[PDB]
Amino acid sequence: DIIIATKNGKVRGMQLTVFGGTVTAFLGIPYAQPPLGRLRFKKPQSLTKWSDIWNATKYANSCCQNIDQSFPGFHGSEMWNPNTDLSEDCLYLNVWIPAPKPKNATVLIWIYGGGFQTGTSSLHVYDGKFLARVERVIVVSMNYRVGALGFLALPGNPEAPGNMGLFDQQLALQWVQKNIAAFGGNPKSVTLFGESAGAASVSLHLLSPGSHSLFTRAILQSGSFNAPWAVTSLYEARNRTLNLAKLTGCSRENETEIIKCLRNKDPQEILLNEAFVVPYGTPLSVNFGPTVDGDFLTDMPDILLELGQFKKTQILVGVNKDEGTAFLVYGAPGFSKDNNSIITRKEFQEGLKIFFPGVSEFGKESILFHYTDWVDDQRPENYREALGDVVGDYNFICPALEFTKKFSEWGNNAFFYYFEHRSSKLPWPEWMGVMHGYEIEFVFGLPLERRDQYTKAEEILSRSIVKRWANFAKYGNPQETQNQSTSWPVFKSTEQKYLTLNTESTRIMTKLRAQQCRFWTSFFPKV
Ligand SMILES: *[C@@H]1O[C@H](CO[C@@H]2O[C@@H](C)[C@@H](O)[C@@H](O)[C@@H]2O)[C@@H](O[C@@H]2O[C@H](CO)[C@@H](O)[C@H](O)[C@H]2NC(C)=O)[C@H](O)[C@H]1NC(C)=O
Ligand SMILES: *[C@@H]1O[C@H](CO[C@@H]2O[C@@H](C)[C@@H](O)[C@@H](O)[C@@H]2O)[C@@H](O[C@@H]2O[C@H](CO)[C@@H](O)[C@H](O)[C@H]2NC(C)=O)[C@H](O)[C@H]1NC(C)=O
Ligand SMILES: *[C@@H]1O[C@H](CO[C@@H]2O[C@@H](C)[C@@H](O)[C@@H](O)[C@@H]2O)[C@@H](O[C@@H]2O[C@H](CO)[C@@H](O)[C@H](O)[C@H]2NC(C)=O)[C@H](O)[C@H]1NC(C)=O
Ligand SMILES: *[C@@H]1O[C@H](CO[C@@H]2O[C@@H](C)[C@@H](O)[C@@H](O)[C@@H]2O)[C@@H](O)[C@H](O)[C@H]1NC(C)=O
Ligand SMILES: C[N+](C)(C)CCSSc1ccc([N+](=O)[O-])c(C(=O)O)c1
Ligand SMILES: C[N+](C)(C)CCSSc1ccc([N+](=O)[O-])c(C(=O)O)c1
Ligand SMILES: *[C@@H]1O[C@H](CO)[C@@H](O)[C@H](O)[C@H]1NC(C)=O
Ligand SMILES: *[C@@H]1O[C@H](CO)[C@@H](O)[C@H](O)[C@H]1NC(C)=O
Ligand code: NA
């Protein structure tokens with residue numbers, strides 16, 4: 001039995017055997033008052049002390065959210081769906097610490113993705129016990145509100161100010177600052193890491209002054225705030241809030257009575273209307289996400305980035321080779337996870353209309369022009385891969401590169417990676433390649449489990465990534481120094497060196513997606 005006294009009371013954990021050693025897991029520690037009743041849509045309130053022993057013995061409830069039901073029974077989609085009960089009572093976090101209790105361990109704080117609409121800390125690919133066992137770090141992960149319950153926004157209105165999910169995260173980071181030393185963690189050695197919307201959340205904490213003092217360093221996998229899906233303007237956020245009130249029959253003149261009415265609706269009626277606050281949506285629709293609230297975000301974030309107004313520290317940023325393929329089977333015509341999805345020129349044009357609905361004909365033609373100059377017009381998969389790269393380059397790769405250029409320009413060390421290994425256990429078909437979200441299991445060291453049917457070369461790769469992530473956390477330098485590994489150079493805006501991650505050859509390259517990103521970053525914003 002192992003019990004830790006926290007500032008709010010005692011918590012009991014559990015012992016796990018990992019690789020012939022022991023990890024202590026505290027699953028489901030509350031870090032806030034449950035945001036129920038009159039607390040729905042408001043910022044999280046600070047937890048009141050308890051005097052019992054909280055049994056942190058099971059993952060807690062996941063936050064309310066819609067579920068991907070497009071491929072029932074298919075592990076490739078269902079592995080991302082919540083694996084605990086849905087509840088508005090969901091503000092809880094998990095702690096994995098090595099056994100024996102370390103003395104001053106670097107802490108790694110995971111923020112999950114899911115488009116700000118979905119996600120939960122309890123997923124199998126976010127299990128921090130391997131990192132705790134192997135690198136002797138402490139891993140913290142938290143649930144935070146998503147969807148309209150997490151990001152409904154009426155400007156300057158404390159009944160629904162926006163960004164509550166980001167404030168959920170920030171109160172967890174605070175909890176770590178006040179409590180993790182009881183668990184043997186170093187509150188001065190805290191690294192945030194996240195993927196997708198989680199990565200965008202990490203980039204926004206670097207911009208939020210209230211988060212400056214709650215962490216040391218940041219890791220951003222496949223995501224950043226300047227991605228086109230990541231931040232909503234105060235305009236549309238208020239328009240979407242009011243469209244939701246119409247749909248639920250909550251339209252009122254006094255905007256506070258609107259929220260009060262919305263607080264008496266059942267979570268399911270809110271959830272089943274989120275998708276319609278927008279006239280035309282896409283597979284990448286983020287109907288309720290971060291806004292410039294004037295609180296978490298004190299100005300438009302593109303301006304803060306550009307003028308150097310952010311936490312000065314090291315970053316580790318990266319993307320996957322086929323970021324965009326996952327979304328093609330969620331609407332684009334001619335695509336299937338069950339066939340090779342060879343599409344025609346006409347199908348590719350219709351695909352752009354799905355993914356760029358509110359764009360001019362000239363804007364959509366400009367995409368087609370830049371992506372259909374073929375090395376061989378007789379290759380039958382030209383259009384299939386073009387649309388994948390279009391969605392990937394626009395939504396993930398080019399924003400990530402541009403974040404890294406702009407952040408490094410202010411003097412901080414930056415490190416960029418290009419993950420190009422396709423999991424040998426990946427359930428999706430091969431044309432989808434190195435998919436969005438499928439470096440996570442390597443970062444968390446699941447292929448270090450010999451029982452789980454990865455290849456030996458996948459064990460070696462995960463091992464080396466895990467050491468690089470941990471050295472970055474502890475020391476700000478993502479090297480693997482013992483096993484002749486390729487040195488990871490810093491990313492400067494001049495030379496733009498990045499490192500490729502794969503089972504074969506780890507390589508230094510320059511200027512990833514150079515031509516593609518000059519289009520997305522310096523032409524397409526004008527259309
Ligand atoms: C635990 O370690 C810290 C120092 O952590 C290191 O320094 C940080 C700035 C950051 O770079 C981390 O990744 C490093 O691991 C000790 O902090 C010292 O504490 C005293 C009192 O607060 C202060 O006067 C010193 O300046 C701190 N040292 C610093 C800031 O470098 C802390 O005491 C250690 N605690 C235990 C129990 O081992
Ligand atoms: C701002 O909101 C309006 C209202 O949206 C409509 O009602 C909502 C409840 C929801 O069902 C939306 O999809 C509906 O379209 C947006 O939509 C326009 O609304 C007006 C008035 O109802 C109507 O004339 C148009 O058909 C709607 N469609 C379009 C394409 O304008 C309006 O577009 C929103 N603003 C922006 C910039 O998107
Ligand atoms: C790949 O499959 C898509 C999707 O069709 C579904 O999955 C198939 C594998 C099969 O089981 C179909 O019955 C399913 O509907 C195909 O796109 C469809 O093509 C048909 C052809 O008659 C067309 O009528 C539908 O509108 C298409 N559905 C869309 C566009 O969403 C596609 O043709 C298949 N391609 C290849 C190369 O096999
Ligand atoms: C909290 O935990 C106490 C200790 O019991 C522990 O949990 C049970 C399920 C067994 O695994 C036992 O061996 C453990 O020591 C409980 O006595 C107490 O009732 C628990 N509180 C709850 C479940 O609300
Ligand atoms: C379509 N599918 C059910 C796979 C989305 C999962 S929930 S919606 C959503 C929208 C946009 C993003 N994104 O990254 O841009 C994400 C993400 O993967 O984080 C999620
Ligand atoms: C309706 N009306 C035009 C009054 C909206 C303003 S209300 S929300 C908001 C959003 C962004 C910021 N900011 O940081 O610039 C601030 C601030 O600090 O005043 C406030
Ligand atoms: C809206 O109603 C609330 C309900 O208590 C009230 O306090 C507030 O003054 C009203 N605001 C406006 C702008 O009418
Ligand atoms: C380094 O190589 C050894 C064998 O000499 C291997 O067992 C170990 O996993 C490697 N460590 C890292 C961090 O790659
Ligand atoms: Na390797």
Side-chain angles (χ1 to χ4, degrees), residues 11 13-14 16 23-32 34-35 44 47 54-68 78-97 107-132 137-147 149-151 164-176 179-180 183 185 190-202 205 214-215 219-223 437 439-441 443-446 469:
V11 306
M14 64 184 28
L16 311 178
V23 172
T24 310
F26 301 79
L27 309 185
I29 304 174
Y31 67 90
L47 191 37
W54 183 286
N55 288 340
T57 281
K58 233 88 190 190
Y59 287 111
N61 291 330
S62 307
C63 300
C64 284
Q65 55 178 275
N66 292 310
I67 285 92
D68 180 358
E78 294 178 342
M79 61 182 277
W80 304 112
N81 291 334
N83 61 337
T84 61
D85 299 278
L86 305 183
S87 182
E88 295 187 75
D89 178 6
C90 64
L91 300 185
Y92 303 81
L93 51 72
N94 320 290
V95 187
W96 293 269
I97 83 173
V107 183
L108 270 155
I109 305 195
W110 178 252
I111 303 169
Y112 59 77
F116 297 110
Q117 323 311 119
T118 68
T120 190
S121 62
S122 41
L123 293 186
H124 178 235
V125 299
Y126 307 151
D127 194 334
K129 69 186 182 184
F130 303 114
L131 293 173
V137 294
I138 293 174
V139 176
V140 186
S141 65
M142 90 295 283
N143 292 351
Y144 64 87
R145 280 170 293 170
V146 293
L149 294 167
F151 294 94
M164 301 82 73
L166 294 168
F167 276 108
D168 291 339
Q169 305 173 5
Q170 188 185 80
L171 186 64
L173 311 190
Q174 249 165 56
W175 185 97
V176 172
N179 295 290
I180 205 75
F183 297 79
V190 174
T191 292
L192 310 175
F193 68 140
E195 184 262 357
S196 192
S201 305
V202 159
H205 285 287
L214 310 181
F215 73 105
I219 294 183
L220 302 71
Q221 304 164 210
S222 307
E439 87 286 351
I440 292 169
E441 61 199 282
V443 168
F444 279 85
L446 270 62
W469 263 231

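Positions are given from 1 along the sequence. Side-chain atoms are counted along with the backbone in the values below, which use heavy atoms only and exclude waters and symmetry mates.
- In this structure, the side chains of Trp80 and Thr118 stay at 4.5 Å or more apart for every pair of heavy atoms.
- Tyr112 is linked by a side-chain hydrogen bond (donor to acceptor under 3.5 Å, both in side chains) to nothing, counting only residues two or more places apart in sequence or in another chain.
- Not one N or O on the side chain of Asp68 forms a donor-acceptor pair closer than 3.5 Å with the backbone of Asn81.
- When all heavy atoms of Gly114 and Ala197 are compared, the pair lying nearest together is N-CB, 4.3 Å.
- Interatomic distance, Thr57 OG1 to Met14 CE, rounded to the nearest 0.5 Å: 4.0 Å.
- Residues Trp110 and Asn94 are not in side-chain contact: their nearest non-hydrogen atoms beyond the backbone lie 4.5 Å or more apart.
- Note on ring orientation: taking the six-membered ring where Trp is involved, the planes of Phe444 and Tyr126 are tilted (angle from 30° to 60°).
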Practice task
Show your reasoning for whether disulfide (SG to SG under 2.5 Å) applies to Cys90 and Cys63.
Solution key: CA-CA 5 Å; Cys90 64; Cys63 300; 2.0 Å; yes

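- Side-chain contact between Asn66 and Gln117: absent, with no pair of heavy atoms (C-beta onward) separated by less than 4.5 Å.
- Pairing each heavy atom of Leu93 with each of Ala172, the nearest pair is CD2-CB, 4.1 Å.
- Looking at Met164 and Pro35, their side chains never come closer than 4.5 Å, going by heavy atoms from C-beta outward.
- Between the OG1 atom of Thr24 and the CH2 atom of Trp96 there is a distance of 12.5 Å, given to the nearest 0.5 Å.
- Looking only at side-chain heavy atoms (C-beta outward), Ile440 and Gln221 come within less than 4.5 Å of each other.
- If you run side chain to side chain donor-acceptor pair (under 3.5 Å) between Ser122 and each of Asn83, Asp127, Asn61, only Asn83 comes through.
- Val202 approaches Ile219 most closely through the heavy-atom pair CG1-O, 3.9 Å.
- A donor-acceptor contact shorter than 3.5 Å links the side chain of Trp54 to the backbone of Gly28.
- Here the side chains of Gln169 and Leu192 are not in contact, with every heavy-atom distance at 4.5 Å or above.
- With hydrogens and angles ignored, the 3.5 Å screen pairs no side-chain donor or acceptor of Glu88 with any backbone N or O of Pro34.
- In summary, of the residues considered (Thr120, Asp168, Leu91), a side-chain contact (heavy atoms from CB on, under 4.5 Å) with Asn143 occurs for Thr120 alone.
- For the atom pair CG of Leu27 and OG of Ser141, the computed distance is 8.5 Å after rounding to the nearest 0.5 Å.
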Practice task
With side-chain contact (heavy atoms from CB on, under 4.5 Å) as the test, would you mind laying out the steps for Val140 and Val190 before giving the verdict?
Solution key: CA-CA 10 Å; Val140 186; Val190 174; over 6 Å; no

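- For the pair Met142 and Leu173, the minimum side-chain heavy-atom distance is below 4.5 Å.
- Ring-plane geometry between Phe116 and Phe151 is classed as perpendicular, the angle between the planes exceeding 60 degrees on a 0 to 90 degree scale with a lower cut at 30.
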Handout entry: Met79 vs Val125, side-chain contact (heavy atoms from CB on, under 4.5 Å): CA-CA, chis, key distance, verdict
Key = CA-CA 8 Å; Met79 61 182 277; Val125 299; 4.0 Å; yes

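- Atom OG of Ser196 and atom CG of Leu220 lie 11.5 Å apart (nearest 0.5 Å).
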Handout entry: Derivation of the side-chain contact (heavy atoms from CB on, under 4.5 Å) call for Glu195 and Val443
Key = CA-CA 11 Å; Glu195 184 262 357; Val443 168; over 6 Å; no

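- Residues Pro30 and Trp175 share a closest heavy-atom pair of O-NE1, 4.2 Å.
- Separation of atoms CD1 (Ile67) and CD (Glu78) is listed at 11.0 Å; rounding is to 0.5 Å.
- Contact between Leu171 and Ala32 at its shortest, heavy atoms only, is CD2-CB, 3.6 Å.
- Annotation: the span from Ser62 atom OG to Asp89 atom CG amounts to 11.5 Å, rounded to 0.5 Å.
- At least one side-chain heavy atom of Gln65 sits under 4.5 Å from a side-chain heavy atom of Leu86.
- Heavy atoms only, all atoms of each residue included: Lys129 and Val23 are closest at O-CG2, 3.6 Å.
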